[PDB]
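Structural characterization, general
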Amino acid sequence: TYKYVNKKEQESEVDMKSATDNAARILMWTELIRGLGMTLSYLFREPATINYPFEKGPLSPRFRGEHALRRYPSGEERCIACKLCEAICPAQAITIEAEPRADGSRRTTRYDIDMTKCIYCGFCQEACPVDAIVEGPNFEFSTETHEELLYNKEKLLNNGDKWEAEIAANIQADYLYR
Amino acid sequence: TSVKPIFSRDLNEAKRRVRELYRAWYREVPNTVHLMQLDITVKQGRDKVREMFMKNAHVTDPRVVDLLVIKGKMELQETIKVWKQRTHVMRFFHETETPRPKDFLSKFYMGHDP
Amino acid sequence: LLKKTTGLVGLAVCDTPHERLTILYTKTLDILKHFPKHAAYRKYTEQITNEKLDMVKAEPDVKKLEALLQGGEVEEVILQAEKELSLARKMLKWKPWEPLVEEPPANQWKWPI
Amino acid sequence: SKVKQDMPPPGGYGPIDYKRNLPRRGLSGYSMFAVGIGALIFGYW
Amino acid sequence: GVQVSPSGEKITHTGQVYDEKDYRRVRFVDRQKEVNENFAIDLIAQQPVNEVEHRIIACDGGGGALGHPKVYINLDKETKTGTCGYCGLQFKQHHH
Amino acid sequence: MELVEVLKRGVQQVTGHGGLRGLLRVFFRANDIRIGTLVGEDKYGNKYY
Amino acid sequence: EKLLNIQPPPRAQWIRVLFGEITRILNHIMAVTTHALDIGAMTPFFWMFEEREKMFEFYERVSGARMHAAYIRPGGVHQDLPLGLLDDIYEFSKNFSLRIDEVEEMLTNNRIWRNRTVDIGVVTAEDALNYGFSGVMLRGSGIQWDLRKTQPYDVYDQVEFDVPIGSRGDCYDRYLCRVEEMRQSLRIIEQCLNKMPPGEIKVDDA
Amino acid sequence: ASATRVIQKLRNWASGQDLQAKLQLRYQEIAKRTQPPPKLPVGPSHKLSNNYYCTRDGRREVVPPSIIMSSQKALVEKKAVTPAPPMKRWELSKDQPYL
Amino acid sequence: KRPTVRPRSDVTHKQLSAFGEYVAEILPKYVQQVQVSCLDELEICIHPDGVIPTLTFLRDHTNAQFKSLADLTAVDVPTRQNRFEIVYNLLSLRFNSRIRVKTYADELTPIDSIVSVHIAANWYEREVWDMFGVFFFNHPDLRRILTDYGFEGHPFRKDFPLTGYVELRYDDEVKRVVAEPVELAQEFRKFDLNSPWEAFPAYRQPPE
Ligand code: SF4
Ligand code: SF4
Ligand SMILES: [Zn+2]
């Protein structure tokens with residue numbers, strides 16, 4: 001079905017009262033006055049402005065922020081150097097090198113994420129089979145040089161150690177959906 | 001070995017179109033140097049135009065010559081109507097790019113690229 | 001009555017839609033008689049034009065004529081008829097009833113490679 | 001356990017207005033012309 | 001644990017450290033080379049060996065779906081504990 | 001009326017930040033003088049309302 | 001999905017239609033308000049961008065990204081809706097038509113806006129068809145065409161809505177068409193909220 | 001929502017609309033930020049029998065396109081046809097045909 | 001019936017097959033192949049000489065009325081003699097249908113432009129020329145539309161590298177934005193994501 005947005009049906013003819021109403025509308029600027037009144041109502045409303053940085057906009061546990069590498073509760077790294085995140089990364093922002101550790105464990109020797117190349121899509125955290133790489137909810141990590149956004153394994157493990165109290169709670173609140 | 005022509009039946013009128021395009025470039029070079037504030041002289045611009053034509057001078061296929069003329073006319077129009085900027089015009093000179101030497105000893109000292 | 005507007009921008013109302021469709025269809029048939037007898041385009045266009053001319057001669061009312069034609073507004077039908085006439089002229093010039101001009105290469109339409 | 005999912009309430013959601021709703025306000029043209037003419041006459045006097 | 005080079009630079013858990021004559025320490029001049037202090041190899045060495053009764057144990061890292069994929073470790077060798085290939089936890093069969 | 005109630009809320013917002021010094025501190029740091037329930041305070045000294 | 005010969009589950013299709021209509025509201029908000037900003041009025045831009053912020057909150061709550069969700073995927077959607085999202089969508093949509101009425105009061109009957117938009121950029125229907133226009137341009141020129149009605153996809157054949165059609169082919173008619181199809185998108189949003197079915201999220205094909 | 005009745009009446013008169021019924025600021029009607037855990041349902045293929053993949057392999061039912069005529073394979077009174085029946089005219093809306 | 005498989009209607013396939021026969025017998029001079037996909041889409045593969053008559057017939061015929069060109073594009077398959085497959089997707093609002101018309105070209109045989117048939121073909125053919133190097137005869141103004149000014153090469157070709165040959169940077173000695181031969185700090189790592197096992201037996205090509 002369809003409807004007309006501007007087509008008028010029949011005519012209203014001509015009347016002295018209607019002509020006087022249109023004359024008053026043209027001369028006394030009635031629609032302009034009611035536009036003024038609308039802006040006046042908005043003036044006397046309450047603004048929708050939060051007091052940043054003391055107030056923050058609401059988010060969800062699903063929010064994709066700064067990357068981090070998590071651990072098991074024992075303290076062992078969750079990552080097993082399987083390169084699924086590297087394979088699924090649409091921007092090729094992940095570089096992984098690996099070798100057996102001194103105890104024979106399958107661990108990374110290089111895990112780099114170019115955050116200037118990353119598109120913050122969460123494909124790494126949804127392809128990780130052991131929940132090692134995550135996008136924790138940090139978003140206020142802007143730097144002053146281009147280099148500081150080239151994360152390596154030490155930076156990502158430090159982020160995982162810093163944000164574990166929040167990332168674990170978000171994964172607890174979210175993991176039944178995924 | 002028999003193909004459909006684009007514009008030229010053989011090489012003669014293809015070379016005629018090449019000469020017309022070279023004439024248009026030769027006339028347009030001083031206007032470009034005056035309009036875009038170019039450091040180069042009029043002699044250098046015409047030398048560059050001649051260098052580009054002589055770079056393409058080795059072809060003997062009329063269709064390829066016609067397509068080269070079409071491309072040259074497109075670039076000529078991009079220079080006539082000021083769509084190429086000073087950077088786009090000066091990209092023909094490669095003045096910031098050091099040239100790779102053509103001798104075996106220098107290529108041996110530089111790296112593994114032949 | 002008379003249609004106030006066609007509902008489309010730039011499409012003026014035709015005061016006499018029946019005779020305009022009649023003359024367009026007759027001119028189309030007259031130029032279709034110049035086509036070769038074995039031309040499939042001639043046969044199909046004659047079928048379409050004859051059916052539309054038959055219903056435009058049968059129905060004198062514009063609304064029921066539009067319902068029979070199923071081509072939107074009768075002004076759209078007139079526009080389609082004159083475009084068909086121009087296409088008939090162009091196709092007579094082009095002569096596409098001739099055999100295939102050139103075979104494609106063997107793997108031109110082979111997908112996947 | 002029971003399947004828990006994001007679903008509408010069993011009674012459905014309430015009606016959502018979507019039509020254009022202008023208040024159709026203001027006084028008549030005769031009344032405002034009369035007010036203006038009366039202001040003119042009083043000011044002239 | 002974090003060890004220092006003869007240059008004084010911290011050695012990472014991958015064993016990476018720049019040499020004394022390596023020019024790339026100038027990126028750490030007037031800045032810091034940050035090294036993750038908690039070494040996962042030492043942390044997983046600190047875990048006690050889980051003493052189970054069955055010949056085959058199942059490990060998922062704990063937390064169920066929050067852990068690693070569930071694998072089965074065969075504790076037949078009495079001279080060596082069975083290590084989970086994902087989480088690094090060690091298990092030993094109790095034969096008493 | 002309600003204007004006097006708004007003025008009561010305003011004077012309690014003014015005299016609800018400790019003293020004049022506390023009011024000036026919160027007004028020139030946060031640009032806000034709203035009174036909220038103290039949810040907590042972290043180990044670094046941030047107060048949460 | 002057409003290349004794969006697979007179909008998403010009905011709950012996924014309903015979610016996709018609901019978020020398509022939310023996205024249509026977002027895009028028409030941007031179009032109308034930034035058009036009005038280019039004309040010279042910015043207060044509808046500010047109001048409707050607060051509304052855009054609320055819809056971005058919906059996007060972040062379903063996907064974790066406010067704009068580039070990567071949520072709708074071949075086979076359905078990435079995740080199920082979190083609990084309470086449908087209630088919050090209802091709470092947003094039950095108040096939104098007033099905001100549209102606010103912008104319409106600000107602009108539609110304004111003689112300045114009518115002078116700026118009426119008989120500007122008039123496109124005839126035949127010219128629009130030949131130039132290959134689609135969507136708002138054709139319907140502003142008066143062509144009764146909408147892909148959701150003619151070649152429907154997902155559950156657009158199950159929802160019910162009207163198609164705004166212009167009659168003069170100008171900026172004013174296109175603006176009216178965009179506002180009216182914002183209202184129709186709100187209508188479809190109400191239908192999707194009432195008729196959201198239970199079930200899975202991706203196609204059951206690993 | 002903290003506006004006085006005088007300011008509320010002023011805003012409602014100035015806008016022409018009852019603004020207090022539909023506020024653009026969310027106060028309490030929204031969902032709680034903490035929710036009970038869900039339990040998502042499983043799809044139709046989550047069954048332990050009569051669920052062979054060859055019977056639901058839609059991806060492998062794709063066939064190469066059927067050649068209606070070919071210049072090499074075929075080596076080549078009926079009515080004229082259309083790609084489809086002509087599109088039915090849209091009915092005017094019974095809800096609100098005109099603005 | 002099956003919840004994971006797309007439903008299939010045979011009426012659209014029958015109608016498109018009938019219309020393909022119709023167009024093929026109307027224009028035997030140019031039509032080389034007519035096919036209907038299992039996705040119910042009609043494709044007509046024609047000789048490059050018949051682009052103008054075929055497009056004009058499809059736009060202006062009473063039973064076709066494909067008055068809207070959906071898009072015009074090219075596909076580079078560099079294993080045939082005519083590597084560029086030019087594709088026209090067209091929409092008929094009168095009959096609520098879509099058709100696809102294909103033709104072929106190589107680097108040195110231009111095809112006729114259809115700007116005189118559809119005006120959108122102007123920018124579409126500009127894009128095709130800019131991205132593939134397929135010249136178009138009788139174009140009103142053919143030039144680049146998406147590449148940079150003075151860009152050499154047609155980047156949507158298969159043999160053109162993904163990163164290109166030049167990159168821009170601001171040089172302070174000349175105070176300009178200059179073009180250099182491309183050097184990457186990290187090379188694009190190509191992946192061999194092809195299973196060595198056949199996935200679709202219906203598309204098994206016979207051995208050579
Ligand atoms: S969020 Fe996406 S782009 Fe970023 S590292 Fe993960 S997979 Fe790569
Ligand atoms: S997907 Fe996870 S386990 Fe695999 S390499 Fe990446 S972070 Fe490590
Ligand atoms: Zn384990």
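Residues numbered from 1 in each chain as written, not as in the entry; some residues may be left out. Chains lettered and ligands numbered in written order. Part of a larger assembly, values for the part shown. Heavy atoms only, no water.

**Points about the coordination of the zinc ion (ligand 3)**
All names here are of chain E. Let me state the cut-off plainly: Only nitrogen, oxygen and sulfur atoms within 2.8 Å of the metal, or 3.2 Å for Na, K and Ca, are treated as donors, and water is left out, so sites may look incomplete. Geometry is assigned from donor-metal-donor angles: four donors are tetrahedral when every angle falls between 85 and 135 degrees, four are square planar and six octahedral when opposite donors sit over 155 degrees apart with all other angles between 65 and 115, and any other arrangement is irregular. In DSSP terms, a helix is any run of H or I states spanning at least four residues, a strand is any run of E spanning at least two, and both are numbered starting from the N terminus. Three labels apply to residues, based on accessible area from a 1.4 Å probe with only protein chains included: buried if under 20% of the type maximum, exposed if over 50%, partly exposed otherwise in between.
Coordination of the zinc ion (ligand 3) by the protein is provided by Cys59 (SG), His68 (NE2), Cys84 (SG) and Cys87 (SG), with metal-donor distances spanning 2.0 to 2.3 Å. Taken together, the four donor atoms surrounding the zinc ion (ligand 3) define angles of 98 to 127° at the centre, an arrangement classified as tetrahedral. Donor residues for the zinc ion (ligand 3), ordered by position in the chain, follow C-x8-H-x15-C-x2-C. Of the two residues, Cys59 is situated in strand 4 (residues 56–59) and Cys87 in the loop between strand 6 (82–83) and strand 7 (90–93); the sequence distance between them amounts to 28 residues. Exposure remark for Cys59: the relative accessible area of 4% places this residue in the buried category.

**Re the site of ligand 2**
Put simply, the rule is: A cutoff of 4 Å decides nearness: a residue is near a molecule or strand if any of its heavy atoms lies inside that distance of it. Three classes are used, and their members are as follows: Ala, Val, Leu, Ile, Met, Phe, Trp, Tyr, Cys and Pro are nonpolar, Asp, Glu, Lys and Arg are charged, and the others, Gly among them, are polar.
Close to ligand 2 lie 14 residues; A:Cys79, A:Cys82, A:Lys83, A:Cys85 and A:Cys128 are nearest. When its residues are assigned to classes, the shell around ligand 2 shows 13 nonpolar, no polar and one charged.

**Some words on the pairing of strand 1 (residues 31–36) of chain I**
Under the convention used in this document: At least two DSSP bridges between two strands are needed for those strands to be called paired.
Among the six residues in strand 1 of chain I, six count as buried, and that is most of the element. Both strand 1 (residues 66–70) of chain H and strand 1 of chain I contribute to a ladder of four bridges, which runs antiparallel. Each bridged residue has a counterpart across the sheet, and for H:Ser66 the counterpart in strand 1 of chain I is I:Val36. Bridge count for strand 1 of chain I against strand 2 (residues 42–46) of chain I is five bridges, and the pairing is antiparallel. Across the sheet, the residue bridging to I:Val31 is I:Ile46, located in strand 2 of chain I. Between strand 1 of chain I and the antiparallel strand that follows it, strand 2 of chain I, lie five residues; I:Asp40 among them carries a positive phi value of about 60°.

**Some words on the interface of chain C and chain I**
So the rule is basically this: Whether two residues are in contact is decided by their heavy atoms, any of which lying within 4.5 Å being enough. Buried surface area refers to the total accessible area, computed with a probe of radius 1.4 Å, that the two partners give up upon joining, counted for both partners together. Salt bridges are defined by distance alone: a side-chain nitrogen of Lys or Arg within 4 Å of a carboxyl oxygen of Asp or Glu. Pairs of N or O atoms within 3.5 Å make up the polar contacts considered here, provided that, within protein, one atom can donate a hydrogen while the other can accept it, and that residues adjacent in sequence are counted only when both atoms are side-chain atoms.
Counting residues at the interface gives 36 residues for chain C and 36 residues for chain I. Interface area for chain C against chain I, summed over the two sides, is near 3100 Å², with a carbon-plus-sulfur share of 61%. Considering only the side of chain C, the residues that lose the most area to chain I are C:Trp94, C:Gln108 and C:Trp109, jointly responsible for 23% of the buried surface there. Counting across the interface, chain C meets chain I through two salt bridges. Among the salt bridges present, the one from C:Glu98 reaches I:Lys29, with a minimum N-O distance of 3.2 Å. At the junction of chain C with chain I, the criterion picks out 18 residue pairs in polar contact. Ranked by residues supplied to the side of chain C that touches chain I, first place goes to helix 4 (residues 74–94) of chain C with nine residues. Counted by class, the side of chain C that touches chain I contains 18 nonpolar, eight polar and ten charged residues.

**Observations regarding the site of ligand 1**
All names here are of chain A. To keep things clear, this is the line we draw: Points on a 1 Å grid over protein atoms alone make up a cavity when a 1.4 Å probe fits among them but cannot get out, and a pocket when they form an open set with protein on both sides within 12 Å along at least five of seven lines; lining residues each have an atom within 4 Å of a point. Those molecules having more than half of their atoms within 2 Å of a cavity or pocket grid point set are described as sitting in that cavity or pocket.
What surrounds ligand 1 is the set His67, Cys89, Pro90, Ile94, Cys118, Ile119, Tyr120, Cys121, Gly122, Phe123, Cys124 and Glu135. Comparing atom positions with the cavity grids shows ligand 1 to sit within the largest cavity. Each residue belonging to the shell around ligand 1 can be placed in one class, and the counts come to nine nonpolar, two polar and one charged.

**A few points about the side chain of A:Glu31**
Structurally, A:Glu31 is set in helix 2 (residues 30–43). In this structure A:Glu31 touches A:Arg25, G:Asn109, G:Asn110 and G:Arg111, once residues within four positions along its chain are discounted.

**Overview of the arrangement of the chains**
Where 16 pairs of chains are in contact, the pair with the most contacts is made of chains C and I. Between chain C and chain E there is no contact; the minimum C-alpha to C-alpha separation amounts to 39 Å. Of all C-alpha pairs spanning chain E and chain H, none lies closer than 14 Å, and the two are not in contact.

**Looking at the environment of F:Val4**
Residue and element names in this part refer to chain F. Tracing the backbone shows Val4 in helix 1 (residues 3–14). Exposure remark for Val4: the relative accessible area of 40% places this residue in the partly exposed category. As for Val4 and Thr15, which are separated by eleven residues in sequence, their C-alpha atoms are 16 Å apart.

**Overview of the interface of chain G and chain D**
On the side of chain D, 18 residues touch chain G, which itself brings 29 residues to the contact. Interface area, chain G with chain D, both sides summed: about 2000 Å², of which 53% is carbon and sulfur. Contact with chain D buries area across many residues of chain G, yet G:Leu83, G:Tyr90 and G:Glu190 alone supply 24% of it, more than any other trio. Sorting elements by how many residues they give to the side of chain G that touches chain D places helix 3 (residues 85–107) of chain G first, with ten residues. A breakdown of the residues in the side of chain G that touches chain D according to their chemical character gives twelve nonpolar, seven polar and ten charged.

**A few points about the sheet that holds strand 6 of chain E**
All names here are of chain E. Overall, mixed pairing links the three strands, which are arranged 3-7-6 in an open sheet. Of all strands in the sheet, those with a lone pairing partner are strand 3 (50–52) and strand 6, marking the two edges. Where strand 6 and strand 7 come together, two bridges link them in antiparallel fashion. When the bridges of strand 7 are listed, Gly82 appears paired with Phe91.

**Regarding the packing of helix 2 of chain A against helix 1 (residues 5–15) of chain H**
Put simply, the test is: Axis lines are fitted to C-alpha atoms, over the contacting stretch for helices. Their N-to-C directions set the angle, which ranges from 0 to 180 degrees. Each angle receives one of four descriptions, namely roughly parallel if under 35 degrees, roughly antiparallel if over 145, roughly perpendicular if within 65 to 115, and oblique otherwise. Each crossing gets its hand from how the near helix is turned against the far one by less than a right angle, where anticlockwise is left-handed and clockwise is right-handed.
With their axes 7 Å apart at the nearest point, helix 2 of chain A and helix 1 of chain H run at an angle of 155° to one another. Classed by the angle they form, the pair helix 2 of chain A and helix 1 of chain H counts as roughly antiparallel. Considering the relative orientation of helix 2 of chain A and helix 1 of chain H, their crossing is left-handed. In contact with A:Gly37, A:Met38, A:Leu40 and A:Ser41 of helix 2 of chain A, helix 1 of chain H contributes H:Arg11, H:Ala14 and H:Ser15.

**A short note on empty space enclosed by the protein**
Residues and elements named next belong to chain A. What counts, and what does not: Grid points are joined across faces, edges and corners, and a volume is the space filled by probe spheres set on the points.
Estimated volume of the largest cavity: approximately 90 Å³. Around the largest cavity, the lining comprises 16 residues; the ones closest to its centre are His67, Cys89, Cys118, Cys121 and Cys124. Residue classes in the lining of the largest cavity are distributed as 13 nonpolar, two polar and one charged.

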